[PDB]
Amino acid sequence: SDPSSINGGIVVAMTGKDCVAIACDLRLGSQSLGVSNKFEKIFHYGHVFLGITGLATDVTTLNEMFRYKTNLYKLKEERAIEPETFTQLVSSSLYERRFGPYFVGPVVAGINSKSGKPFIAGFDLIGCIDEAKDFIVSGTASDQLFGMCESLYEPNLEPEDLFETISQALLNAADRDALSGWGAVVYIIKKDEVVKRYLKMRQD
Amino acid sequence: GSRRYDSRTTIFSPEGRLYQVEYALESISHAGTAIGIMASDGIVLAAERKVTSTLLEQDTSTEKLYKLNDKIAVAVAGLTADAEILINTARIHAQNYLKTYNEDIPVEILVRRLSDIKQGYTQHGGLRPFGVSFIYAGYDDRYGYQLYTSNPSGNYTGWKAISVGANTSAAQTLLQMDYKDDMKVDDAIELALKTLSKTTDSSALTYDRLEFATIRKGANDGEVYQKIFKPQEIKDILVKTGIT
Amino acid sequence: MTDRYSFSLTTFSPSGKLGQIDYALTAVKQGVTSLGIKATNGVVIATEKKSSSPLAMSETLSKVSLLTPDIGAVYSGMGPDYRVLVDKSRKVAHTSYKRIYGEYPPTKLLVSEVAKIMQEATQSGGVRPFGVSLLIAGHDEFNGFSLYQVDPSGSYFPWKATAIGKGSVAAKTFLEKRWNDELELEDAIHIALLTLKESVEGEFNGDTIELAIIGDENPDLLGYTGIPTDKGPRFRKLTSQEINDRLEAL
Amino acid sequence: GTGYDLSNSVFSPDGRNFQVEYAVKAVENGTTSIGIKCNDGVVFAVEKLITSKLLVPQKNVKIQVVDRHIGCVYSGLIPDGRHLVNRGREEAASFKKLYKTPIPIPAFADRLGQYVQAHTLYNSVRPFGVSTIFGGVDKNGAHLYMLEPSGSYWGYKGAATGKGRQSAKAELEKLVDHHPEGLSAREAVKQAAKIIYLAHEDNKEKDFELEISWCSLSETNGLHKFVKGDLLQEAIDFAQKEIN
Amino acid sequence: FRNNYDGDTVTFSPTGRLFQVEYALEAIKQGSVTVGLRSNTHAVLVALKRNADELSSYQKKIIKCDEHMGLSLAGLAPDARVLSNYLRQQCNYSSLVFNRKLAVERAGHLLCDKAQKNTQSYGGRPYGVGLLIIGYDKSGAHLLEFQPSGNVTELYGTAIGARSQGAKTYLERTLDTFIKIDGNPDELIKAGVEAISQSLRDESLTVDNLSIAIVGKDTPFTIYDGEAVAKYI
Amino acid sequence: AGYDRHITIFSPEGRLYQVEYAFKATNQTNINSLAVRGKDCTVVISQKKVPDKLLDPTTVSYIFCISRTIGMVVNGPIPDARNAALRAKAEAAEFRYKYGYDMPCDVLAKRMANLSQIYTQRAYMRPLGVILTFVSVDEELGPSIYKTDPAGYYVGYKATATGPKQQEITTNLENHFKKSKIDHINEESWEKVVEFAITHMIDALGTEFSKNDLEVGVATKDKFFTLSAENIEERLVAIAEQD
Amino acid sequence: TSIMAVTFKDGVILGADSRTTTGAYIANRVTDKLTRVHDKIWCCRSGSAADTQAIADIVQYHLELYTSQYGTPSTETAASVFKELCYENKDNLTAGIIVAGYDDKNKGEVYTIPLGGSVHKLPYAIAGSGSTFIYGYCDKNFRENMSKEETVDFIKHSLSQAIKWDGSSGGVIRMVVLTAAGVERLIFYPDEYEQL
Amino acid sequence: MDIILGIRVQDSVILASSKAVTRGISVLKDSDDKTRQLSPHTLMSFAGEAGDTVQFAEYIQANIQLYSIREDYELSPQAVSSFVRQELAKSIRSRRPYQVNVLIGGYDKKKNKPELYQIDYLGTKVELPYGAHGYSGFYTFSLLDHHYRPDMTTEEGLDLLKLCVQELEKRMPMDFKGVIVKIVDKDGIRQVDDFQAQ
Amino acid sequence: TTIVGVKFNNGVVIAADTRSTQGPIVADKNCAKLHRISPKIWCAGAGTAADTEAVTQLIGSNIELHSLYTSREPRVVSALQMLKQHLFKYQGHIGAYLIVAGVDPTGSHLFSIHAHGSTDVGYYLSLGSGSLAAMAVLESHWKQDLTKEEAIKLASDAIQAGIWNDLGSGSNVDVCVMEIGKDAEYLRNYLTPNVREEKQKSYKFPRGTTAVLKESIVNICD
Ligand SMILES: [Mg+2]
Ligand SMILES: [Mg+2]
Ligand SMILES: [Mg+2]
Ligand SMILES: [Mg+2]
Ligand SMILES: [Mg+2]
Ligand SMILES: [Mg+2]
């Protein structure tokens, strides 16, 4: 019945020195039954990334919705949408369904192409926006992530370092959660390039 | 009564012709000429601008060539405003098809949809049609490079090279004269320019009076690149061809 | 009862002309001059205040209107049609943009939105087109500065400088000589002032000129302090005195 | 040019609304009816053309009550008047339902006015072909009124309309000039019968049936009631008497 | 003139006339004749029915509205159907909701208001039929005449349709006599038939030709056609 | 086509004749009015002409009390005038309810103009043949006078006049203001401003007035009211001992 | 909430406490539950704050419009509007309101509109949670045609008791005097009413 | 519940579905086909609430058939599924959601690769080597997790399905009356008429 | 959440804490609870996070448009009447509890609005889980005729009461002073008394600690 606990999954993004990183687990199941070992939850429209945890059907639906919305935007405005802006789009798009929400917990991460400052944010299922300087966590293992992050985190880490951190944060938080895990993916984000690495992790 | 002031925009003449469509097609023939040429590795859209001046800003201008989606574009001939309306709706249908099937929309599907909206204004409603005609240049997995055209009646057809707006007959003849099935983009460009050159109702074909676009499927990539020529680039290609 | 006028009132004539549209454009020709000149670091839009009586108070009428804190509009045509175009323009800047992205629309898009409103009056059932033409000037973080004209057909175009209404042709010509791509805003204001002088028949001073600009950010106009992102509105209406100080430097 | 009179909301070059004006003629072609305000009420009377002996005496009633304290009488297109009264009735109820007190005459009047005026704002309705004299007694006195097809209405010391209009107003003016004190409803009833009788001369061809009704703060309690029996003959007599 | 002002019911002529309404009244004149007349105890309707060929039926001209009310039509039949139905409904409502037989006078007021809408409204069309309504109620016998202009009148008697003026003058003299035919239905009927005879020219009223209806004190609105009207010629 | 003179659509010269014919309708009554601003009041005077002896004189006015603070005078036929009053009232009430403060004069005006602009653009609506003069003493702007017309134009005046003899009164007033140089009668009491008003209407229309020939309306801080035949007389007497 | 309205020879006075609670917390101890819907037509509010504010706000509007159009509204009419809203919307409102106003012909008047939306005109009325306690006192100490001074007392004593016993009442006692003389605003502090 | 399994081998997709339709205390039919051909290279199996089941399937059929005609082309399997997902995802928030779960197996003629998609009544879709709806998954996923290999032949897949079927008959409480197997490959769709005993 | 408003001699100031919670977990250690409705009209909100922001943006928008349409500075009673009427329409489903204050042409104002649409006016108010700790303080130290300086303290302390004694509040204090003549001043993070102490160790993992399977580059442009 709790829409937010049927499929399972987690997402977390942090900010480093001229970088951000966002990672997620690959699981998709139906309660106890693990069904898919290949379900990614991080998406990107241009250089803006959005990870979504929650009811898989809604995760998929909102991605589709944001692709559409981002695409049109690009045609009218003639430039790729920015993180600060996308965040507002997500927020409003969520609040639009205030009394029959999408059971999700989105996370936005990216680097403003103009100013270059790293940016990340998270939202509740109805649009409350939480813009933070350190990290954003979401999913069934939110508590665990909040635990790993709060401790493991420290300001201005370089890309190569942030990777380890975000990874250990995700990895260990997942292992204390039944509904998450089954593989993980991390995105290291820099102005110029973005790297995607898959992690070896307990497959239980 | 109210009827008293109704023009009956959707009626047939005693000859079985739709007045307003006919009269809109007329409006269109007074509009700048747009040309689309379909190659074996690209498609070219070129357009001649109407309403110019020393003061008009051509840099940040795009009054004839619009991007419908990453793989499709249109050249317009007619009321620039009437056009935008259709274009905005065409842009959405592209995205709707994407959301629904998770595949880019097939050029003809986009086209047919637009044309059906036009036909509507033709058969019911009591409103004036749109004084617009498009040439669509797009690419897709099923047919590849495609060039089509639609007009106020809502009829559409496909071409290897075509033109719309003023001096169609002239440009068409010229097109039928030098176009050949196994052409090349860089060549189609020239032809397009040439054609505009011999139909222009102005002195010389200067960059500031043109809009140019090509849809190329570069060999070293795979994705269909849509490039809307920037003023400087128009001037350049205009020089290469020789009009100067 | 009920608006039974469900058919277009603007149709196609056998020559391809949209009558009501050409006509509205005539109404535009008959209206007072307004112009806009774009500089490298600003834009100015100006017009004359055709006081319809010395008993009427000129100040209680803004021919130049703020659409957003970074975009302004001026016209030439049937004033009322404008006023309501402003209302709708200000409202749509919110409904289709601030209420969705949390930032004001960029000029071209807001223009595009106004434009659409007008086009619809060229096709919808039961309405006559708008008897106005507008010059909208603004600035936005990504496109810099811009000036646009929108006609009753709904067509719109970007200008380096221009004029509309009564003395349009002459002024369009005057601007073409004076203008260049290295003008600082003061110079354009000046040029605007000159170009405007030539159209103006009688009195010429800050009590008959309405000139507004789109330039640097003005924190002193914000009304609050403490937030380092909203640097302040870039649209400023010149005061009577500010105009005179440049008039007395003819 | 012309044609300014084929549509109801059109303003002529002189700023007139011809349809409203033709409506008036329809009125002028109708029976006379008047209203005399008095010291504490209003009386209404109307001429009733006896088209034939086949018409059942005293049955085709023309004066109408709105609510319980308002009398309405009109000349012209009878149905149009009925239409106006039905709305009059609905408007009173709406007012009573929300405010409890029955509708004040001035209020009632404006209500009728705004309805008629509305019928001169669109070309999909024709103005009313009646003038209505109506009024009654409320919280503060008597009120007599007259409404024209244009929607105009004002308060009257006496009022008349229809073919006998002029002779009636003539008499009415006599009364106002001679009795500045006011008139007892008892007298008004008589005088009404007179004015009607005299007003019948402008149509001296067909026999007529007299109809009176009153609303008086002391003779009918402030309620609209028709004049019947004893009280009716007295006036018919006083009338047939002063005719010579 | 006319040709510009008769285009619809929402246009007044410069004289203050409504041409569409007037044209409507004309179809009534084109229709067959019917007479209505009442005493103090009964009300009768006699109507000349009109055939098309000697090979067809004679269009029914009388309709029963309730057990106490009915009418005869002259003009466009469809329109009478539509109007009788309405009178049928209003009669029903009175019964169901108030357990009250609809007053003929009110039946009148209701019809008038129904027609009037089509005579001030765009694209509508006046009704093209006149009606002779009869009924017995709490206040005795009644006869009402309805015209598409919206005018409804109560009379001791009358007739409408082509040549109607014949019987109309007849009754107009015959009044003092018929208004006293109380308690003798068959007589009133005769008076009605006689009346109807005054608007004849074609051929004498026959079995397939006549239609009579009667309502009264102890007589429910009943339709007599053909075989039964034999005795009244 | 040639119907462009029937519905509010443009003519080839770019004009709306129905709008223009509407302006001509405004003069059908033959009443002139003017309004001037005091130091802290606003007065409007309008002639009152009661021709018929069978009319109740107290029921004839083109002055309407819109809200506790706003007063309006109409130059136009009565049925279109009242139609405009009702709506003004309705708008003022709705404004208070939704926004929490009394609707300002200029705002009521603008709103009223906007409605007019709409009849100017939609075929089915006919403009109303009336000019509306709104007066009050705005809590934020001082005494005010805003006028709107069938074209949907509205603006603020130092003082204004309207009617067939608009220009006569206008020029007389314009001259008074060129003389004083200020934008309002420099008087403390509204009773005096009412005087000035009537005075100048006389000096310009070249006519003398009785108490049943005028209709006066004044607007002070937190109230607008119409004068009684008697209050007017007190004004008529105060002037007939000066001139 | 503790409210009442008492008519007297010169007009009528409306009295009320000034407490608003969310359960047992005192949200506001200085509330004004005496609200004007017209110059001389006021109402005492008891029940939901929102509901009553909402209702009052609307009645004011309807009355304002009434004024502009047909002049000064009677108290009875003020009541009818209230009744209309309260009755027609009974399933969604928790509002018991007392309407009182002064008029030249009718002198002072009080109408009580209880929960069902019924309307009752009475010499005086009391309502609000604390009212139950004073049914006795008020029925014993109320006489007609009292004087301003007397009436002010009766209200002051009645409400003081109500405030004493009911925990949902308290604060200060506000009154509103409505007579030809106009409109006066009275207030009485605890340190005065408590030891009466 | 009814059984719905699907297994994508190297050159085909095999869907196996139980033949029983039970209502209350009795098995009404033992030969039901819980499948509809969406297009000549796309088959969809379904399971769920009584009527919704066939109703949903036939509806999606109609729509895909219509498209095929209007465009004289065959949507890719990926296309049909997304379409299907959207019809479900929109249904979950309707008045009476379609309570159906489907497996879509199609052979993509363009990519020349077989595909199997699992989508539940919520519009939860995912692409897999093999999948199942209901309780069946609860035994088969582990079984297939062990015996499956990506390069299996169609025959090998059939044998693997067999295993899946035998385990289900051994441990599931309901007698589902066997399954109907179907193979979707380059040449279309064919029903293995010999699975009741192979 | 803990919010207050205290009117002073020539204005009104408001403050609020900066903690947001998803149950017993701290979602945001520093969210902004003060919202600009118009330049000189601010609102402090508590209740459902998104509702307070949504209802605030919405009414702020419509307020901006009313200003432009009337050529006048916005008035608090307008924001007050609009908020109230919106909230009331929603029968409490929009869980917005707000203290709306600011200066306008008519003076300085201070009101409070509850999610069901009832409004209050007072010289000092507080709302939120911390409403009691704050009000306690307010009822202890308020007096009439406070200086801008005194009010700021009063408000600040009250918020501190909440931060300390209410688990439903925390982190920092934000203030917005709206003085009659001057431009409204927003003092974001006026006070920051809950700074986390320096960590004992650093968990900078030596690079290579994490096991990667496959590595690839992402394409970000078109
Ligand atoms: Mg969680
Ligand atoms: Mg786990
Ligand atoms: Mg007259
Ligand atoms: Mg119009
Ligand atoms: Mg019209
Ligand atoms: Mg107590």
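Residue numbers (our numbering), protein chains in the order written: chain G, 135 to 338; chain Z, 466 to 709; chain Y, 33 to 282; chain A, -7 to 236; chain S, 828 to 1060; chain B, 921 to 1163; chain E, -17 to 178; chain F, 1192 to 1389; chain C, 2 to 223.
C-beta: ideal position from N, C-alpha, C; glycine also.
{"Asked": "Other residues of its chain near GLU999 of chain S: CB distance less than 6 Å, five sequence neighbours each side excluded", "Found": "none"}
{"Asked": "According to DSSP, residues forming a beta bridge with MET138 of chain A", "Found": "A:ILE125, A:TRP146"}
{"Asked": "Sufficient close CB pairs (3 or more, under 8 Å) joining the stretch 1028 to 1044 of chain B to the stretch 1079 to 1093 of chain B", "Found": "no"}
{"Asked": "Proximity test, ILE927 of chain B beta-carbon vs ligand 8 heavy atom, cut-off 7 Å", "Found": "This structure lacks ligand 8; its bound ligands are ligand 1, ligand 2, ligand 3, ligand 4, ligand 5 and ligand 6."}
{"Asked": "Sub-8 Å separation of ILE196 of chain Y and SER66 of chain Y beta-carbons", "Found": "yes"}
{"Asked": "Residues in the stretch 1270 to 1286 of chain F having any Cβ partner in chain Z nearer than 8 Å", "Found": "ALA1270, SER1273, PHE1274, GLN1277"}
{"Asked": "Same chain, Cβ closer than 6 Å to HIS1324 of chain F, five either side skipped, listed in chain order", "Found": "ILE1195, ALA1238, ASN1292"}
{"Asked": "Any non-hydrogen atom of ligand 3 closer than 7 Å to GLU140 of chain A Cβ", "Found": "yes"}
{"Asked": "DSSP state of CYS262 of chain G mapped onto helix, strand, coil", "Found": "coil"}
{"Asked": "Near-chain B residues of the stretch 43 to 58 of chain E - C-beta to any C-beta below 9 Å", "Found": "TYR43, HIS44, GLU46, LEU47, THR49, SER50, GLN51"}
{"Asked": "Chain Y residues whose Cβ lies nearer than 9 Å to that of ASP547 of chain Z", "Found": "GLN151, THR154, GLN155, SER185, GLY186"}
{"Asked": "Through-space distance from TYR93 of chain E to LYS103 of chain E, alpha-carbon basis", "Found": "4 Å"}
{"Asked": "Contacting residues, own chain, Cβ-Cβ under 7 Å from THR17 of chain E (five flanking each side not counted)", "Found": "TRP24, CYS25, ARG27, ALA38"}
{"Asked": "C-alpha gap between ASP229 of chain A and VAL77 of chain A, whole angstroms", "Found": "31 Å"}
{"Asked": "Residues of the stretch 1019 to 1053 of chain B whose Cβ lies closer than 9 Å to any Cβ of chain Y, in chain order", "Found": "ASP1026, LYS1030, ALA1033, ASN1034, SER1036, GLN1037, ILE1038, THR1040, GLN1041, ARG1042, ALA1043, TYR1044, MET1045"}
{"Asked": "N-terminal and C-terminal residue of the alpha helix (DSSP H) that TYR189 of chain A is part of", "Found": "177 to 191"}
{"Asked": "Every unbroken beta strand (DSSP E) within the stretch 506 to 580 of chain Z, with a cutoff of 3 residues, ordered by chain", "Found": "507 to 513, 530 to 534, 537 to 543"}
{"Asked": "Pick from Z:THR525, Z:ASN685, Z:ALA499 that is closest to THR660 of chain Z, judged by C-alpha positions", "Found": "Z:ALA499"}
{"Asked": "Best match in Z:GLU568, Z:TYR484, Z:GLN523 for proximity to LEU675 of chain Z [C-alpha to C-alpha]", "Found": "Z:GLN523"}
{"Asked": "Buried or exposed by the 16-neighbour rule on C-beta atoms within 10 Å, applied to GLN158 of chain A", "Found": "exposed"}
{"Asked": "Beta-carbon proximity of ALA155 of chain G to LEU286 of chain G, cut-off 8 Å", "Found": "no"}
{"Asked": "Contact with chain C by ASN10 of chain E, beta-carbon distance below 8 Å", "Found": "yes"}
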